[PDB]
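J.:
2 protein chains.
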Amino acid sequence: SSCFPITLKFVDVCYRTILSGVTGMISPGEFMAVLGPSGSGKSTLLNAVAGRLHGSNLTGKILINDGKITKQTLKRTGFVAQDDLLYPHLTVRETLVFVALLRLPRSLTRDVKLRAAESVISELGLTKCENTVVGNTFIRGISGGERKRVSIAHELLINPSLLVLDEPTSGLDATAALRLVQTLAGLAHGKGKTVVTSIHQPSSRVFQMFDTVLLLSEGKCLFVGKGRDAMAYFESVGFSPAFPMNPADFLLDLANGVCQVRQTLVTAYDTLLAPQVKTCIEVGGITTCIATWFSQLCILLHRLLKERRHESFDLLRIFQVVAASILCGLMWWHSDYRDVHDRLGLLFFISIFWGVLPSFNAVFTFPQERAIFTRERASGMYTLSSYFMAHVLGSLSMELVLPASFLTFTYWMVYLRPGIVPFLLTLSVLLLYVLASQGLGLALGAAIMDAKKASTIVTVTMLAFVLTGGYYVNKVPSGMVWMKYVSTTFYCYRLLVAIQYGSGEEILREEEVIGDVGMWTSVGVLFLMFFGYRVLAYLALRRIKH
Amino acid sequence: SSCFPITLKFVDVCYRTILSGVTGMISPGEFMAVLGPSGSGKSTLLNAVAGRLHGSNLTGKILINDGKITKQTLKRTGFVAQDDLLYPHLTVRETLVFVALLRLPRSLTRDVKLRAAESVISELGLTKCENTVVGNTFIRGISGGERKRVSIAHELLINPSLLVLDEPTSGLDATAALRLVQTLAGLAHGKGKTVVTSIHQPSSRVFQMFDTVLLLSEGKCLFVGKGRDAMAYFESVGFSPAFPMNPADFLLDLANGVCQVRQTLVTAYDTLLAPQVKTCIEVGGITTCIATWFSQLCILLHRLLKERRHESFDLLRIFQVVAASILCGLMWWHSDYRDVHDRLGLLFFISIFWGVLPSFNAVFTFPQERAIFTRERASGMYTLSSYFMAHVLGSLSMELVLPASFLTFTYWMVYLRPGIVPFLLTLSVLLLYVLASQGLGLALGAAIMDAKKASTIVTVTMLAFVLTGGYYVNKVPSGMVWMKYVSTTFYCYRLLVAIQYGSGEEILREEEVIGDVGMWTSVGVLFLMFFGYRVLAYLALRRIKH
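Protein chains in written order, with PDB author numbering: chain A, 33 to 48, 82 to 325, 337 to 359, 377 to 602, 626 to 662; chain B, 33 to 48, 82 to 325, 337 to 359, 377 to 602, 626 to 662.
Okay, here's the thing in structure tokens:
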């Protein structure tokens, strides 16, 4: 792999000071480690050499193969970050299949996009756990050193020629962190890539696997050399250990003061190594762009299918609906339609329960997956308008199966109106109201992007929708009668009474409670709240500038 | 300190195998490290040598100063565990003052119990942050290496002569984990104590601070010696490194296979070191016991005072009560008492809101602090009956200030009955109902001890209390009329109507809604649910056998 070499030179990097004159070169086929104490800015060097600091404070010359950070050579570079962002309910094989269908170019087949995702599984040693779910801290999945190899496989699908990693071995074991360094040395030696990593606290034989070492001590680097003459260099200045110790622990003490002194390391670097490195340092149309959109939406629906039915079918949401079905069928068992005060309280309990329950569970959707979206939209996998519509279409399928089972169990126990026409009109109003209540939660969760702070604002909003719905207060004090024309509970409840009683005179053989609004101007407003709360959630997610 | 030495011998420990013949002795004034791979059972050795495995599977001779694990010599032993259990809202000084008032003996003054808690602060180096709050991951407190010194200070108040620690330096920094080992070597050398610790992955100069080393490789130990002749012993068998490396990394490779082989280490141990260690291995009344109880309750009230007002006065619970006060004063503004259907809906909204809101927030109390309670009750600081009554008395003070401010703002806006006698009877019924609704949440949170699983059972229970309360369903189908005699919402709502309308005939100048239950048999049942739900929470916490 990678028969197209690369050479990375970063003459005089200065970031504002964090970095103050870092200079070195990275030949193709080298495995380099950036060593430094926690604060020297060894994470800032990796981002500003992979093209993540966009020339604002970065005053240096990051030139890639005697060039620049032009986008033609930036698609040959992968940056593996420090935290892992994976979906739990996908297995290891189908994690890397949906990523290969989104990242690899559109002018290929589906044949060599599945053989490009199984040549990456059986190269990082993931062929044992490929049918095991990924999981998280709450789902029994895969181990944390084998969870890191899925993040590295996510970057090797596009076949990069420069791989930049940010603390791979961190939290891993003693022997899991050695086999990971042994494959990263197998990429740089066997394939011919160029790996630049930053190891925090290496070990006695992890330091033997390295090839070149960079030592940062708050800005100015102290040593750039081939990783086994590091201990023979500092004894020429006059620094040497006493007791037998790790060669990586002797260097990380010279980086912060403790010797066996910090200022003479900086002066001796600019007189013997910096003259040595800097002499060598110069020598489709319209039909294409629509079918690309619908394929981004069909992959993102199947990728998120297992996540949506984890939200809407756990056993603590089924138990709240089975309980409310039994308590309604036992309180209003074989109810009579001639006592109007009881049946109007049945029809208002349905409006409270199915407006509070869809709106509350919808404010957790977008703040839960924000780091996953902003990492993957910035990497060119998908846009916002196809990510968003895969949540709109995928949530109006799973959220319409518990209210449809509530009503079937309950409709002929409590003796509502008999017939197939009053039953299918009562189900249609109930499912339109669940979709209008859900979009109010999606609009408040996206505008605020905090799940605990928006959970109390949907409480206060839905408390005012119930009180102005038309059941508790029979006469409203004349500066509050405007308030019922914005609530979803008012328009649902006037439609349920119009189906069960009609115009009103059929029971007259209690008139302000069977009053007049209109049956076509109540379904017309529940569609304006269906479409209108989904548009205000798109515009609230458009504001997040990456 | 510790002018009463101790000598720990643990001849032939075998635990069922985890441990299979561990044998050694620990002289007074030594700092010993137990080294081993993750799985060798170096945590099981520390618990079974501090007296935490109670002779069931532990088939060995744990003898302490040629004795046994009799309770007279077990109060001279401190075991610092691995995770830290601290209250966040207490500062560092008053954390160690409440612990000193509970652990030190009762036959002292309060003078030398505060000078015994400030000679521990200015000995572990906590005199800089003594006025800084402890915090957690969510509150900005103190650093995680300085959070560990508060756990060690918790065990040095009783002045032990054997201190046993379980991975102290874990998650700490490179230089924070060196200064912690330097004070633990200052206890064993300067004072004269006996420190036995188990370090996971030590460093190059952390290994120089040790004095004796124990090396466990799955059961049978491989080396017991004075920590600087460890590398000179294995080269006499014929094992030696090649590249320069940490002496703790060479040993932890011989413990699992990897050499520069595992079975010849076990045989060579039982022929040269085991004959060497085993030749030396033999040569008040009634007024006292009540005032002790009331002092445990006065300390535990002030210790938990800052935690109770974090629960009941955050800005997301104040915003739900200010919103409901405004929505009630605007919907029923200057209401009239002659339209009875509106005022009965005002009095039923108060019963729903103040039964759902106290019961929901009470199921989080006991599962939140279970590891703190079971650690500290087992250590002899307090019992269950004084820990429990400090939550009962401390929660009926802070939970009666938001419903008392709700009613004062609202009572003369919505024009309920004028006078000081109908106002103080309406406040008294509302505060008795809040205390009865709270105990139902405490009983369900303690029986289940899971905050998410009990949060849906208080939902289903309080949904059935509302529907059988007496407002929605006017006639109940004759097998469900028993169900209203167990709900708290029924007994509160019949008392509010009896204060605002009375016997009923005063408005008769709508009779099943101003019916008959009794005003003394409704306050008598709200007290039986006050006391009865608190007794069922004590019996549900009594079942947890440590």
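Quick reminder that beta carbons are idealized off the backbone N, C-alpha and C, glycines included.
1. My understanding is that A:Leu111 touches A:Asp231, with C-beta atoms under 8 Å, so please give their C-beta distance in whole angstroms.
2. Can you pull the chain B neighbours of A:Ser268, defined as C-beta to C-beta under 7 Å?
3. Could you compute how far the alpha carbon of B:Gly255 sits from the alpha carbon of B:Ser34?
4. Based on Cα-Cα distance, which residue from A:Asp543, A:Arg659, A:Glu283, A:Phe441 lies nearest to A:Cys585?
5. Contact between the stretch 440-458 of chain A and the stretch 548-559 of chain A: three or more CB pairs below 8 Å?
6. Examine the Cβ distances between the stretch 172-180 of chain B and the stretch 484-493 of chain B and report whether three or more of them are shorter than 8 Å.
7. When you compare the CB of A:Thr277 with every CB in chain B, is at least one pair closer than 7 Å?
8. If you count every other CB in all the chains shown that lies within 10 Å of the CB of residue 333 of chain B, and 16 or more means buried, which is it?
9. Using 8 Å as the threshold, is the stretch 524-538 of chain B in touch with the stretch 383-392 of chain A, meaning 3 or more CB pairs across them?
10. Quickly, what does DSSP pair A:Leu420 with across the bridge? List them, please.
11. Where A:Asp44 and B:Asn321 are concerned, what is the direct C-alpha to C-alpha distance, given to the nearest angstrom?
12. At a Cβ cut of 9 Å, what residues of the stretch 558-571 of chain A count as close to chain B, listed as they run along the chain?
13. Assuming contact is defined by CB atoms lying nearer than 7 Å, are A:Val289 and A:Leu281 in contact in what I supplied?
14. Who are the neighbours of A:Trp636 on chain B, taking C-beta pairs under 9 Å?
15. Mind checking if B:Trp426 is an interface residue toward chain A, Cβ cutoff 7 Å exclusive?
16. How far does the alpha helix (DSSP H) with B:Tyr654 in it reach, from first residue to last?
17. Mind checking which residues open and close the alpha helix (DSSP H) that includes A:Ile465?
18. Where does B:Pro496 land, buried or exposed, given buried means 16+ other C-beta within 10 angstroms?
19. Whole angstroms is fine: what's the gap from B:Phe406's alpha carbon to A:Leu652's?
20. Can you pull the chain B neighbours of A:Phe308, defined as C-beta to C-beta under 7 Å?
21. Determine, for B:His265, whether the minimum Cβ-Cβ distance to residues of chain A falls below 7 Å.
22. So with CB distances below 9 Å, who are the chain B contacts of A:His434?
23. So is B:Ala344 buried or exposed if we call it buried at 16+ other beta carbons inside 10 Å?
24. Excluding the 5 residues preceding and the 5 following B:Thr192 in the sequence, name in chain order all residues of the same chain whose CB lies nearer than 7 Å to its CB.
25. I think B:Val199 touches B:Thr234, with their Cβ atoms under 8 Å apart; what is that distance to the nearest whole Å?
26. Let me know the secondary structure DSSP gives A:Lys545 once reduced to three states.
27. Output, in chain order, the set of chain A residues within a Cβ distance shorter than 8 Å of B:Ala239.
28. Would A:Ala529 and A:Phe457 qualify as a contact pair, given that the criterion is a beta-carbon distance under 7 Å?
29. Using three-state DSSP, classify A:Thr581 as helix, strand or coil.
30. Comparing C-alpha positions only, which one of B:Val145, B:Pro153, B:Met90 sits nearest to B:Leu128?
31. Please work out which residues of its chain come closer than 7 Å, Cβ to Cβ, to A:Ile600, disregarding the five sequence neighbours upstream and downstream, and give them in chain order.
32. Taking beta-carbon pairs under 7 Å, can you tell me which members of the stretch 395-421 of chain B lie near chain A?
33. Any idea which residues DSSP pairs B:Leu40 with across the strands?
34. Could I get the ranges of all uninterrupted alpha helix (DSSP H) runs contained in the stretch 482-558 of chain A, with 4 residues as the minimum, in chain order?
35. Which class does B:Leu279 belong to by DSSP, given the choice of helix, strand or coil?
36. Report the three-state DSSP secondary structure of residue 728 of chain A (helix, strand or coil).
T.: Walking through what the data contain:
1. Translated into positions along the first sequence, residue 111 of chain A becomes position 46. Translated into positions along the first sequence, residue 231 of chain A becomes position 166. Between A:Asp231 and A:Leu111 the Cβ distance is about 6 Å, and since that is below 8 Å, they are a contact.
2. In the first sequence, counting from the first residue as 1, residue 268 of chain A sits at position 203. Near A:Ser268 (Cβ distances below 7 Å), the residues of chain B are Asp314.
3. Walking along the second sequence from the start, residue 255 of chain B turns up at place 190. Walking along the second sequence from the start, residue 34 of chain B turns up at place 2. Straight-line Cα distance between these residues: approximately 10 Å.
4. Sequence index remark: in the first sequence, residue 585 of chain A carries index 492 (1-based). Just measuring C-alpha positions, the residue of A:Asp543, A:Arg659, A:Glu283, A:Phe441 sitting nearest A:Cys585 is A:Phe441.
5. Touching, per the Cβ criterion.
6. The stretch 172-180 of chain B is not in contact with the stretch 484-493 of chain B.
7. Counted from its first residue, the first sequence places residue 277 of chain A at position 212. A:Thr277 is outside the set of residues whose beta carbon lies under 7 Å from a beta carbon in chain B.
8. Position 325 is followed directly by 337 in chain B, which means residue 333 of chain B is not present among the coordinates.
9. Touching, no.
10. Counted from its first residue, the first sequence places residue 420 of chain A at position 327. Looking at the DSSP output, A:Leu420 sits in no beta bridge, so it has no partner there.
11. Stepping through the first sequence from its first residue, residue 44 of chain A is reached at position 12. Stepping through the second sequence from its first residue, residue 321 of chain B is reached at position 256. A straight line joining the alpha-carbon of A:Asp44 with that of B:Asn321 spans about 46 Å.
12. Taking 9 Å as the Cβ-Cβ cut-off against chain B, the residues of the stretch 558-571 of chain A that qualify are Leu560, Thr561, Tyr564, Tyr565, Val566, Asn567, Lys568, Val569, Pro570.
13. Numbered from its first residue, the first sequence carries residue 289 of chain A at position 224. Numbered from its first residue, the first sequence carries residue 281 of chain A at position 216. Contact: no.
14. The count along the first sequence starts at 1 and reaches residue 636 of chain A at position 520. None at all; the shortest Cβ gap to chain B is about 29 Å.
15. The count along the second sequence starts at 1 and reaches residue 426 of chain B at position 333. Using beta-carbon distances, B:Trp426 counts as an interface residue toward chain A, with a partner under 7 Å.
16. Against the second sequence, residue 654 of chain B aligns to sequence position 538. First-last of the alpha helix (DSSP H) with B:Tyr654: 636-657.
17. Counted from its first residue, the first sequence places residue 465 of chain A at position 372. Element bounds for A:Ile465: 464-471.
18. In the second sequence, the residue the question calls residue 496 of chain B occupies position 403. Counting the other Cβ atoms within 10 Å of the Cβ of B:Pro496 gives 16 or more, which makes it buried.
19. On the second sequence, position 313 is the one that residue 406 of chain B refers to. On the first sequence, position 536 is the one that residue 652 of chain A refers to. Cα to Cα, the separation comes out at about 33 Å.
20. Residue numbering aside, residue 308 of chain A sits at position 243 when the first sequence is read from its first letter. Per Cβ cutoff of 7 Å: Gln273.
21. Here residue 265 of chain B refers to the residue found at position 200 when the second sequence is read from its first residue. It does not: the Cβ of B:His265 has no partner Cβ on chain A nearer than 7 Å.
22. Against the first sequence, residue 434 of chain A aligns to sequence position 341. Correct list: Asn567.
23. Translated into positions along the second sequence, residue 344 of chain B becomes position 268. Its Cβ being crowded by 16 or more others within 10 Å, B:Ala344 is buried.
24. Sequence index remark: in the second sequence, residue 192 of chain B carries index 127 (1-based). The answer, listed in chain order, is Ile186.
25. Here residue 199 of chain B corresponds to residue number 134 of the second sequence, with the count starting at 1. Here residue 234 of chain B corresponds to residue number 169 of the second sequence, with the count starting at 1. The Cβ separation is near 20 Å, so there is no contact.
26. If you number the first sequence from 1, residue 545 of chain A lands on position 452. Reduced to three states, the DSSP call for A:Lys545 is coil.
27. Within the second sequence, residue 239 of chain B is the residue found at index 174, counting from 1. In chain order: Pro102, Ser103, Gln266, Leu317.
28. Reading the first sequence from its first residue, position 436 is the one you call residue 529 of chain A. Reading the first sequence from its first residue, position 364 is the one you call residue 457 of chain A. Against a cut-off of 7 Å, the Cβ pair of A:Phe457 and A:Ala529 comes out as no contact.
29. Position 488 of the first sequence holds residue 581 of chain A. It is helical.
30. Residue 128 of chain B sits at position 63 when you count from the first residue of the second sequence. When only C-alpha atoms are compared, the closest one is B:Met90.
31. The sequence position of residue 600 of chain A within the first sequence is 507, counting from 1. Same-chain partners within the cutoff: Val433, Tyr594.
32. So the close ones are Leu409, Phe412, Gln413, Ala416, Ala417, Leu420.
33. Walking along the second sequence from the start, residue 40 of chain B turns up at place 8. Paired residue(s): B:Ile91, B:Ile129.
34. Those alpha helix (DSSP H) runs which fall completely within the stretch 482-558 of chain A and span 4+ residues are 495-503, 513-541.
35. Taking the first residue of the second sequence as 1, we reach residue 279 of chain B at position 214. Note: B:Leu279 maps to strand in three-state DSSP.
36. Absent from the model: residue 728 of chain A. The displayed extent of chain A is 33 to 662, so no value can be given.
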